[PDB]
**Q** 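Starting off with a structure, shown below.
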Amino acid sequence: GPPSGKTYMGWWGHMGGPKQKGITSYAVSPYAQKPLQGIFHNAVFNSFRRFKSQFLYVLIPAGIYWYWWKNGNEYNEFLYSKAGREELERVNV
Amino acid sequence: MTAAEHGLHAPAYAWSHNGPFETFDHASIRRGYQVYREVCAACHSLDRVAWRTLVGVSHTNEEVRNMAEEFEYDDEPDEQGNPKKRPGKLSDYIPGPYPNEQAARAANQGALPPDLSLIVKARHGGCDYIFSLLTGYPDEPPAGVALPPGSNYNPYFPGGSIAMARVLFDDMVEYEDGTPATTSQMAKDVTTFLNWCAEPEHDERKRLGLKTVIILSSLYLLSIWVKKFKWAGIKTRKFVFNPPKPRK
Amino acid sequence: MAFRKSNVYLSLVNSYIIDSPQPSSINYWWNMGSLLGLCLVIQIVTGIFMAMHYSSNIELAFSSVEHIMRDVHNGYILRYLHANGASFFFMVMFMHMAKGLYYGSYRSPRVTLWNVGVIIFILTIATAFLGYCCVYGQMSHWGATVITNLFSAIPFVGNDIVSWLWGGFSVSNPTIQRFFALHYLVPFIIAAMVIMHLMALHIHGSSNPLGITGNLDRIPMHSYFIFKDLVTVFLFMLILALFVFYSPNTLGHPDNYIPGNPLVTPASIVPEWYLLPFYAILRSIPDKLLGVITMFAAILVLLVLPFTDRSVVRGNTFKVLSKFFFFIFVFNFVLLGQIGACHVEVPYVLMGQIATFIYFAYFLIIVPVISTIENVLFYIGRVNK
Amino acid sequence: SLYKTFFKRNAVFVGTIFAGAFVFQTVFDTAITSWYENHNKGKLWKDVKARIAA
Amino acid sequence: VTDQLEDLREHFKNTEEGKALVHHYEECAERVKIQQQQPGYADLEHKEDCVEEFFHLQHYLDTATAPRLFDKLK
Ligand SMILES: CCCCCCCCCCC(=O)OC[C@H](COP(=O)(O)OC[C@H](O)COP(=O)(O)OC[C@@H](COC(=O)CC)OC(=O)CCC)OC(=O)CCCCCCCC
Ligand SMILES: CCCCCCCCCCCCCCCCCC(=O)OC[C@H](COP(=O)(O)OCCN)OC(=O)CCCCCCCCCCCCC
Ligand code: HEM
Ligand code: HEM
Ligand code: HEM
Ligand SMILES: COc1c(O)c(C)c(C/C=C(\C)CC/C=C(\C)CC/C=C(\C)CC/C=C(\C)CC/C=C(\C)CCC=C(C)C)c(O)c1OC
Ligand SMILES: CCCCCCCCCCCCCCCCCC(=O)O[C@H](COC(=O)CCCCCC)COP(=O)(O)OCCN
Ligand SMILES: CCCCCCCCCCCCCCCCCC(=O)O[C@H](COC(=O)CCCCCC)COP(=O)(O)OCCN
Ligand SMILES: Cc1cccc(-n2nnn(C)c2=O)c1COc1ccn(-c2ccc(Cl)cc2)n1
């Protein structure tokens with residue numbers, strides 16, 4: 001077969017990053033470690049650290065769109081009651 | 001829209017088949033067929049239900065054979081080509097009171113009563129709507145409402161004007177097992193019988209759902225353990241950097 | 001070499017799900033594309049077994065669905081898995097598309113991968129419309145009447161397209177018999193576009209939640225992301241089984257258990273929940289031809305997104321103002337679905353018109369303006385002049 | 001150790017996986033059906049049938 | 001033995017909130033009764049009924065009666 005256009009990823013041995021020199025890494029077998037030692041402190045302390053960093057980007061847009069829907073729902077209930085009958089005739093013209 | 005155009009909201013009663021581990025009460029399905037035959041069947045058809053599906057649910061095999069043999073069905077024609085009739089068997093469907101819908105409207109002042117085989121699934125509210133409708137006819141309409149002649153008031157119907165009158169009154173049915181047949185007792189029994197007509201799979205579905213949820217929640221907990229074992233070498237990996245000498 | 005690398009058919013399996021180099025730091029949001037392939041298999045298998053008992057005539061269609069629910073052994077399991085499995089197919093697809101919006105997956109060099117995914121989304125909306133009309137309930141008849149009458153507003157060819165789409169003068173027997181034959185075919189066209197989707201993914205690989213290069217640290221697919229895929233597969237089947245066996249009619253309408261009638265109008269005509277935001281965009285334009293163009297332009301506006309992003313950094317991970325306006329776009333999409341399930345009344349008419357403006361102004365005004373502001377704030381916060 | 005009595009160091013082989021899966025299906029089906037009918041006692045048809053005849 | 005729902009609706013109509021909601025409906029019904037006797041009731045397009053005051057009394061009766069009705073039925 002013929003070759004194709006150039007890419008930005010390669011394969012094992014020629015993946016295509018910069019040359020590496022001076023970094024050393026260490027690991028330990030999973031059979032030599034004690035099982036599930038992150039069931040307590042990661043679930044309480046670390047998940048609380050990830051929650052409160054990102055909760056103002058979500059709950060300030062969520063409170064804007066919930067306040068808007070709640071006033072539009074309460075104004076439609078007033079327009080179709082008995083007390084809101086002369087306002088219904090003038091917002092329908 | 002106005003609350004009268006929506007209809008009144010039906011409350012929540014404590015049905016004994018509500019809940020993930022609950023079946024129908026089969027003594028109330030048997031009592032509800034008797035209120036169907038003696039009250040409802042004058043104007044309503046039940047067209048999706050065959051005679052054979054009642055055996056082992058509310059009656060025996062010998063009882064349903066005698067109930068089906070009181071109606072007449074069309075047979076294959078004669079040797080001369082003339083039509084014929086025959087009594088009913090277990091593979092037949094339960095017959096309705098009218099031959100067509102023109103004859104149904106003529107007996108009900110232009111209105112057409114619907115088929116009740118799927119009426120529980122086809123209304124918003126479910127069993128609570130059917131019970132509130134049959135027991136919610138007031139003795140008088142509220143002051144100011146003008147009803148057309150031939151209509152009745154019911155606040156649970158959208159618009160408040162229904163073409164069905166009040167039908168259920170106290171002690172119009174004599175029950176076999178000796179239960180007192182009040183208005184609320186007979187209205188509870190038809191709604192249980194009509195929920196079985198819409199969902200005859202209901203008792204079997206909730207038992208196969210108990211086997212599926214136990215197996216699938218055990219496979220979910222075992223796969224979290226296996227994933228944390230195989231990833232333990234990557235998660236505790238360490239890196240050190242010593243900058244190379246500028247020979248190069 | 002190994003036999004899985006030298007065989008012609010096993011090399012395609014080895015290069016995609018065994019030895020494929022993956023970035024080390026991808027999270028559980030990268031597991032949604034694997035769930036979408038499981039959803040497509042469930043829909044094809046449950047639909048073929050139901051099609052052995054189905055009749056598509058106008059007087060036999062509603063009663064053959066009732067025949068499946070009552071007479072076929074485990075036939076209620078086949079239908080409830082099929083009807084609830086379509087809502088689960090759309091929920092995972094919305095989460096898959098929103099992951100690409102947040103992490104900048106549409107950007108170069110992955111523009112062809114984004115464009116093929118937009119074609120898949122249009123073909124899936126068309127498939128769910130055609131199968132919903134095959135029940136022929138009361139919601140099926142009036143939902144097909146509303147959509148097919150939209151094409152009569154096209155100038156000089158309006159009345160010729162709609163009569164050719166009906167096979168007659170209204171929604172009738174030829175309409176339902178041709179809607180079922182087209183419903184059998186389009187899932188096989190979706191399966192061919194999924195293969196073209198995976199071919200464009202293979203030449204560049206996946207992105208990562210940091211937005212930077214991943215060629216420095218890779219791990220293979222087998223025994224890390226095979227067993228991480230199993231966690232979300234078993235959670236998907238468990239939530240779907242709770243809907244199929246314990247609450248099988250929550251995500252539907254009760255009016256679709258009434259047989260369809262061309263002479264009686266229902267009190268409210270509302271779609272399923274996943275078509276509700278696009279139904280509110282259509283009802284906000286008072287002109288009839290401009291409403292059909294605007295509803296189809298709400299899908300095709302995703303194609304302009306590689307050109308209006310003016311940032312030099314890929315993704316929203318380190319951007320404060322881009323994170324705030326992403327969640328404005330998300331909760332605006334939920335409000336459009338709630339408006340589309342209401343009546344045409346005050347104040348819901350004005351609320352749906354402002355929310356339709358915010359949908360289009362995100363892609364065309366908000367994203368190019370705040371991308372440029374964040375480029376300059378990164379510059380002057382470091383350079384001392 | 002209790003795991004060493006049956007397998008001693010190894011994984012479970014694929015023959016024991018398929019053989020024990022069929023033993024599992026009959027025991028699990030009987031235990032679930034027995035708990036379900038005891039929870040709903042007095043409401044099934046076999047309880048109502050024994051009162052129209054006795 | 002009479003109807004169990006009619007006895008529970010009678011009982012909760014004589015509590016303190018029940019007597020207040022009944023009195024509001026009856027003062028509505030008399031002001032509709034002292035009109036319709038005035039000349040002018042041919043066509044008005046602003047004819048008042050008491051559906052809304054009837055819906056208020058029925059909603060209180062259903063909240064009190066529905067959690068405790070099926071304990072009295074066999
Ligand atoms: C119609 C119904 C359809 C439902 C289909 C559901 C199908 C599965 C959907 C899964 C999904 O949504 O995942 C995407 C996203 C993941 O966000 P993330 O914060 O978890 O990832 C971070 C890290 O990888 C965790 O890493 P972690 O340390 O938590 O991994 C270990 C974890 C694995 O468990 C899981 O199953 C994770 C999914 O172990 C445990 O949690 C122990 C539990 C006892 O999830 C979320 O962010 C949660 C919010 C979703 C919002 C959806 C709104 C629409 C309903
Ligand atoms: C054709 C047009 C198509 C448009 C498609 C739009 C449809 C949107 C429908 C909702 C889909 C879900 C919306 C949220 C998707 C999040 C995508 C994502 O990747 O979020 C990234 C963010 C992770 O944040 P970081 O990577 O910075 O690290 C912090 C992790 N703790 O992760 C998060 O912070 C998640 C926080 C929780 C998200 C809350 C979303 C709630 C949505 C509820 C909708 C249901 C209403 C009924
Ligand atoms: C216990 C007995 C009965 C039950 C449970 C029953 C059930 C129902 C139900 C569920 C409806 C539909 C309500 C709706 O669409 O919201 C209905 C409507 C109707 N029923 Fe009955 N029915 C009974 C007896 C009768 C009888 C005896 C008659 C006539 C003599 C009758 C005539 C009608 C009519 C005409 C309608 C149509 C009302 C309308 O559309 O306005 N029904 N019934
Ligand atoms: C991407 C794949 C598919 C999607 C999203 C899809 C969607 C749907 C939907 C939403 C319905 C209406 C369900 C209801 O409310 O009852 C439906 C019905 C139906 N579909 Fe599918 N479908 C898919 C594939 C298929 C295929 C490939 C077939 C046939 C070989 C099929 C056969 C049917 C049939 C026979 C019905 C009849 C009504 C019923 O049984 O519920 N589906 N489909
Ligand atoms: C049946 C439909 C689809 C299937 C089976 C599918 C499958 C996949 C798979 C397996 C991946 C691999 C990596 C990952 O999971 O993120 C992927 C990535 C991707 N898909 Fe889809 N997809 C579908 C629909 C879509 C749609 C509707 C879109 C966009 C409108 C889309 C756009 C993308 C993009 C941009 C990526 C690359 C994300 C990244 O690498 O960060 N796909 N898809
Ligand atoms: C993130 O990295 C990933 C990754 O995680 C995964 C999982 C994949 C794997 C692939 C997918 C997720 C795509 C999935 C494939 C499809 C969706 C193909 C389309 C599906 C089909 C063609 C289903 C075919 C089914 C049939 C033909 C039905 C068979 C008919 C029957 C059983 C009738 C039976 C009749 C009788 C008489 C018995 C990747 O490619 C990948 O990228 C490298
Ligand atoms: C549009 C979708 C189609 C694309 C799908 C491509 C991927 C298909 C996945 C197939 C899974 C693997 C199939 C089994 C592979 C083993 C075949 C084999 O051993 O090759 C043949 C055996 O011949 C056959 O029997 C053909 C099998 C037909 C398979 C029908 C499904 C012998 O192997 P061979 O000697 O060629 O190996 C060459 C090594 N240099
Ligand atoms: C079972 C499936 C078998 C799959 C067989 C695959 C072959 C069938 C396709 C035949 C070719 C027809 C399409 C080629 C059109 C050229 C596409 C193109 O130019 O790529 C894109 C533009 O097109 C798109 O965005 C997506 C088009 C989707 C096509 C949907 C049919 C440009 O890609 P480009 O080469 O420019 O790479 C970037 C370098 N700057
Ligand atoms: C109006 C109405 C009422 C009742 C049911 C249904 N409906 N039809 N199918 N399903 C699942 C339903 O809920 C509808 C259709 O609603 C919508 C909204 C946009 N589309 C659409 C867009 C593009 C294309 Cl190509 C096809 C359709 N359809």
Side-chain angles (χ1 to χ4, degrees), chain C residues 1 3-13 16-17 20 22-23 26 29-40 43 86-87 89-90 92-94 96-107 110-133 135 137-148 150 190-195 197-198 200-202 204-209 211 225 229 252-253 255-256 266 268-283 292 295-296 298-299 302-303 305 314-315 340:
Chain C
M1 56 180 69
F3 183 68
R4 68 173 212 269
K5 293 179 188 173
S6 55
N7 188 71
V8 54
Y9 302 129
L10 284 185
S11 306
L12 275 189
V13 181
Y16 275 80
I17 64 172
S20 183
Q22 304 290 316
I26 50 170
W29 288 109
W30 267 260
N31 276 56
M32 297 294 112
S34 195
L35 279 186
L36 285 169
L38 175 72
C39 286
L40 186 64
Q43 289 302 284
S87 313
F89 193 22
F90 272 95
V92 179
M93 197 187 276
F94 282 147
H96 195 58
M97 292 154 77
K99 192 257 299 177
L101 296 176
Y102 188 87
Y103 289 116
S105 300
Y106 49 87
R107 282 169 66 114
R110 294 174 188 98
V111 173
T112 311
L113 180 63
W114 179 257
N115 284 357
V116 170
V118 174
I119 300 172
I120 289 172
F121 180 57
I122 301 173
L123 295 177
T124 310
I125 293 179
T127 314
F129 172 78
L130 292 164
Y132 193 78
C133 301
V135 183
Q138 187 85 311
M139 270 293 113
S140 289
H141 173 86
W142 294 96
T145 308
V146 160
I147 290 296
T148 47
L150 285 175
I190 294 168
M193 293 284 131
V194 161
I195 286 166
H197 196 64
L198 298 172
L201 175 76
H202 197 248
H204 294 116
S206 288
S207 187
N208 56 88
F225 301 101
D229 273 335
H253 207 279
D255 279 7
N256 219 14
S268 283
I269 300 181
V270 282
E272 296 284 87
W273 66 267
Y274 45 83
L275 291 174
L276 285 179
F278 306 104
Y279 189 59
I281 290 172
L282 171 84
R283 298 196 312 188
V292 195
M295 194 193 62
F296 277 106
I299 304 169
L302 304 163
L303 299 168
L305 199 58
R314 170 199 285 115

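All chains are named by letter (A, B, ...) in the order of the sequence lines, taking the proteins before the strands, and each is independently numbered beginning at 1. Just so you know, these numbers use all the heavy atoms, side chains as well, and skip hydrogens, waters and symmetry mates. Indexing begins at 1, ligand by ligand and atom by atom, following the structure's order.
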**Q** Identify the closest protein heavy atom to atom 28 (C) of ligand 5: which residue and atom is it, and at what distance?
**A**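 Among all protein heavy atoms, the one nearest atom 28 (C) of ligand 5 is C/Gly117 CA, 3.8 Å.
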**Q** What's the shortest distance from atom 37 (C) of ligand 5 to any protein heavy atom, and which residue and atom give it?
**A**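 The answer is C/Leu113 CD2, 3.7 Å.
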**Q** Can you tell which of C/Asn256, C/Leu275, C/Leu123, C/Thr145 gets a heavy atom nearest to atom 17 (C) of ligand 9?
**A**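 Among C/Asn256, C/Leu275, C/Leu123, C/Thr145, the closest heavy atom to atom 17 (C) of ligand 9 belongs to C/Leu275.
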**Q** C/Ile269 and C/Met139: which non-hydrogen atoms are nearest, and at how many Å?
**A**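 Where C/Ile269 meets C/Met139 most closely, the heavy atoms are CA-CE, 3.8 Å.
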**Q** Kindly state if atom 23 (O) of ligand 7 has a protein heavy atom within a strict 4.0 Å cut-off, that is, under 4.0 Å?
**A**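 So far as the 4.0 Å threshold goes, atom 23 (O) of ligand 7 is out of reach of every protein heavy atom.
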**Q** Whether the side chain of C/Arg107 engages the backbone of C/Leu305 through a donor-acceptor N/O pair (distance < 3.5 Å, no angle test) should be reported.
**A**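 Judged by distance alone, no pair lies under 3.5 Å.
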**Q** Can you tell me how far the CD1 atom of C/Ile125 sits from the CD1 atom of C/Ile120, to the nearest 0.5 Å?
**A**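 If we round to the nearest 0.5 Å, C/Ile125:CD1 and C/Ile120:CD1 are 12.5 Å apart.
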**Q** For residues C/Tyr132 and C/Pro271, determine if any side-chain heavy atom of one lies less than 4.5 Å from a side-chain heavy atom of the other.
**A**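 Not touching, per the 4.5 Å side-chain cut-off.
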**Q** Starting from atom 40 (N) of ligand 7, which protein heavy atom do you reach first, and at what distance in Å?
**A**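 Scanning the protein heavy atoms, the shortest distance from atom 40 (N) of ligand 7 goes to C/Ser6 O, 3.7 Å.
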**Q** With heavy atoms only and a cut-off of under 4.0 Å, state how C/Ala128 meets ligand 9: side chain, backbone, both or neither.
**A**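 Answer for C/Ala128: backbone.
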**Q** Is at least one protein non-hydrogen atom found at under 4.0 angstrom from atom 18 (C) of ligand 7?
**A**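 Protein heavy atom within 4.0 Å of atom 18 (C) of ligand 7: present.
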**Q** Just need the protein heavy atom nearest to atom 3 (C) of ligand 5, so name the residue and atom and give the distance.
**A**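 Ranked first by proximity to atom 3 (C) of ligand 5 is C/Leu36 CD1, 3.8 Å.
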**Q** Does any non-hydrogen side-chain atom of C/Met93 lie less than 4.5 Å from one of C/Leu36?
**A**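 In short, these two side chains touch, coming nearer than 4.5 Å.
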**Q** Of all the non-hydrogen atoms in the protein, which one sits nearest to atom 25 (C) of ligand 5, and at what distance?
**A**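 Among all protein heavy atoms, the one nearest atom 25 (C) of ligand 5 is C/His96 CD2, 3.8 Å.
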**Q** Specify the protein heavy atom at minimum distance from atom 8 (N) of ligand 9: its residue, its atom name, and the distance to 0.1 Å.
**A**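 Protein heavy atom with the smallest distance to atom 8 (N) of ligand 9: C/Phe129 CD1, 3.4 Å.
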**Q** Among C/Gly33, C/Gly37, C/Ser206, which one puts a heavy atom closest to atom 13 (C) of ligand 5?
**A**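 Heavy atom nearest to atom 13 (C) of ligand 5 belongs to C/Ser206.
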**Q** What atoms in ligand 5 come closer than 4.0 Å to a heavy atom of C/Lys99?
**A**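 Near C/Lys99, meaning under 4.0 Å from one of its heavy atoms, ligand 5 has 16 (O), 38 (C), 39 (C), 41 (O).
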**Q** What is the closest protein heavy atom to atom 12 (C) of ligand 7, and at what distance does it sit?
**A**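 Nearest protein contact, heavy atoms only, for atom 12 (C) of ligand 7 is C/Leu10 CD2, 3.9 Å.
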**Q** How far is atom 2 (C) of ligand 5 from its nearest protein heavy atom, and which residue and atom is that?
**A**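 Atom 2 (C) of ligand 5 sits closest to the protein heavy atom C/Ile120 CG2, 3.6 Å.
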**Q** Quick check on contacts: which atoms of ligand 7 are under 4.0 angstrom from a heavy atom of C/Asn7?
**A**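 Matching atoms, with element in brackets: 15 (C), 18 (C), 19 (O), 20 (O), 33 (O), 34 (P), 36 (O), 37 (O).
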**Q** When you measure from atom 15 (O) of ligand 5 to every protein heavy atom, which one gives the shortest distance, and what is it?
**A**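 For this ligand atom, the closest protein heavy atom is C/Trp30 O, 3.2 Å.
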**Q** Has C/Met97 got any heavy atom lying under 4.0 angstrom from an atom of ligand 5?
**A**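 So C/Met97 counts as touching ligand 5.
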**Q** Quick check on C/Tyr279 - does any of its heavy atoms sit under 4.0 Å from an atom of ligand 9?
**A**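 Yes; C/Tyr279 lies near enough to ligand 9 that a heavy-atom distance drops under 4.0 Å.
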**Q** Under 4.0 Å from ligand 9, counting heavy atoms only, is it the side chain of C/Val270, its backbone, both or neither?
**A**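 The part of C/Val270 near ligand 9 is the backbone, not the side chain.
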**Q** Say whether C/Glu272, considering both its backbone and side-chain N or O atoms, lies within less than 3.5 Å of an N or O atom on ligand 9.
**A**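 N/O-N/O distance under 3.5 Å: yes.
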**Q** Decide side chain to side chain contact (heavy atoms under 4.5 Å, CB included) for C/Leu201 and C/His197; before the verdict, give the C-alpha distance in whole Å, the side-chain angles of both, and the deciding distance to 0.1 Å.
**A** CA-CA 7 Å; C/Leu201 175 76; C/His197 196 64; over 6 Å; no
**Q** Decide yes or no for C/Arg110 and C/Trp114: does some side-chain heavy atom of the first lie under 4.5 Å from some side-chain heavy atom of the second?
**A**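 Heavy-atom side-chain distance check fails, nothing below 4.5 Å.
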**Q** Are any non-hydrogen side-chain atoms of C/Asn256 and C/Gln138 less than 4.5 angstrom apart?
**A**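 Answer no - side chains too far apart.
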**Q** Identify the closest protein heavy atom to atom 5 (C) of ligand 9: which residue and atom is it, and at what distance?
**A**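 For this ligand atom, the closest protein heavy atom is C/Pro271 CA, 3.7 Å.
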**Q** Return the orientation label for the C/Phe90 and C/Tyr274 ring planes: parallel under 30°, perpendicular over 60°, tilted otherwise.
**A**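 If you compare the ring of C/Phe90 with that of C/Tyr274, the planes turn out parallel.
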**Q** With side chain to side chain contact (heavy atoms under 4.5 Å, CB included) as the test, would you mind laying out the steps for C/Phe121 and C/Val118 before giving the verdict?
**A** CA-CA 5 Å; C/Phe121 180 57; C/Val118 174; 5.7 Å; no
**Q** Could you find the nearest protein heavy atom to atom 27 (C) of ligand 7 and give me its residue, atom name and distance?
**A**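 Atom 27 (C) of ligand 7 sits closest to the protein heavy atom C/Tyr9 CE1, 4.9 Å.
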**Q** When rounded to the nearest 0.5 angstrom, what is the spacing between CD1 in C/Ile17 and CG in C/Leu198?
**A**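 Between C/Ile17 CD1 and C/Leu198 CG, I get 11.0 Å after rounding to 0.5 Å.
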**Q** So is C/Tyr106 in contact with ligand 5, going by heavy-atom distances below 4.0 Å?
**A**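 No, C/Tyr106 has no heavy atoms under 4.0 Å from ligand 5.
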**Q** Looking at C/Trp114, which atoms of ligand 5 are within less than 4.0 Å of one of its heavy atoms?
**A**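 Taking each heavy atom of C/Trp114 in turn, ligand 5 has 29 (C), 35 (C) under 4.0 Å.
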**Q** Any protein heavy atom under 4.0 Å from atom 37 (O) of ligand 7?
**A**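 Within 4.0 Å: yes, protein heavy atom nearby.
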**Q** Could you measure the distance from the CG atom of C/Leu40 to the CZ atom of C/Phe89? Nearest 0.5 Å is fine.
**A**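 Here the interatomic distance stands at 5.0 Å.
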**Q** Considering only protein heavy atoms, which is closest to atom 7 (N) of ligand 9, and at what distance to one decimal place?
**A**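 Answer, as residue, atom name and distance: C/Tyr132 CD2, 4.0 Å.
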**Q** Can you say whether the rings of C/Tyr16 and C/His202 are parallel (under 30°), tilted (30 to 60°) or perpendicular (over 60°)?
**A**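 C/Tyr16 and C/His202: parallel rings.
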**Q** Can you tell me how far the CH2 atom of C/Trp30 sits from the NE2 atom of C/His96, to the nearest 0.5 Å?
**A**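 So the CH2 of C/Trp30 and the NE2 of C/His96 are separated by 10.5 Å.
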**Q** For C/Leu12, take its heavy atoms, then give the atoms of ligand 7 lying under 4.0 Å from any of them.
**A**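 Once the distances to C/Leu12 are compared, the set is 6 (C).
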**Q** Among all protein heavy atoms, pick out the one at the shortest distance from atom 15 (C) of ligand 9; state its residue, atom name and that distance to 0.1 Å.
**A**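 Protein heavy atom at minimum distance: C/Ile147 CG1, 3.9 Å.
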**Q** When rounded to the nearest 0.5 angstrom, what is the spacing between OH in C/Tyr102 and CH2 in C/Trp29?
**A**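 Going from the OH atom of C/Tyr102 to the CH2 atom of C/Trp29 covers 10.5 Å.
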**Q** Checking contacts here: is it the side chain or the backbone of C/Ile269 that comes within 4.0 Å of ligand 9, counting heavy atoms only? Could be both or neither.
**A**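 It is the side chain that gets close, since no backbone atom is under 4.0 Å.
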**Q** May I ask you to identify the nearest protein heavy atom to atom 12 (C) of ligand 5, giving residue, atom name and distance to one decimal place in Å?
**A**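 Here the closest protein heavy atom is C/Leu201 CD2, 3.6 Å.
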**Q** Among all protein heavy atoms in this structure, tell me which lies nearest to atom 2 (C) of ligand 7, with the distance rounded to 0.1 Å.
**A**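 Answer for atom 2 (C) of ligand 7: C/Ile195 CD1, 4.3 Å.
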**Q** Among all protein heavy atoms in this structure, tell me which lies nearest to atom 22 (C) of ligand 9, with the distance rounded to 0.1 Å.
**A**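 The protein heavy atom lying closest is C/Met295 CE, 3.9 Å.
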**Q** Sub-3.5 Å donor-acceptor pair from the side chain of C/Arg314 to the main-chain atoms of C/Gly211, do we have one?
**A**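 Judged by distance alone, yes, a pair lies under 3.5 Å.
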**Q** Restricting to N, O or S atoms of C/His197, which is nearest to atom 21 (Fe) of ligand 5?
**A**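 Looking only at N, O and S atoms of C/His197, the one nearest atom 21 (Fe) of ligand 5 is named NE2.
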**Q** Over all heavy atoms of both residues, which pair between C/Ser207 and C/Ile26 is shortest? Give the atoms and the distance, please.
**A**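 Shortest heavy-atom contact: O-CG2, 3.4 Å.
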**Q** Restricting to non-hydrogen atoms, name the atom on C/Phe129 and the atom on C/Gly143 that form the minimum distance, rounded to 0.1 Å.
**A**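 Looking at all heavy atoms of both residues, the closest pair is CE1-O, 3.9 Å.
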**Q** Within less than 4.0 angstrom of ligand 5, does C/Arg110 place any heavy atom?
**A**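 Judged by the 4.0 Å heavy-atom criterion, C/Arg110 does not count as contacting ligand 5.
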**Q** Rounded at 0.5 Å granularity, tell me how far CD1 in C/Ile119 sits from CD1 in C/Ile299.
**A**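 Output value for this atom pair is 12.5 Å.
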**Q** What residue and heavy atom of the protein are closest to atom 40 (O) of ligand 5, and at what distance?
**A**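 Of the protein heavy atoms, C/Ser207 N, 3.4 Å lies nearest.
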**Q** Can you pull out the closest protein heavy atom to atom 23 (C) of ligand 9? Residue, atom name and distance to 0.1 Å, please.
**A**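 Protein heavy atom at minimum distance: C/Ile125 CG2, 3.9 Å.
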**Q** How about C/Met97 and C/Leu101: do any of their side-chain heavy atoms sit closer than 4.5 Å?
**A**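 The answer is no; the side chains never approach within 4.5 Å.
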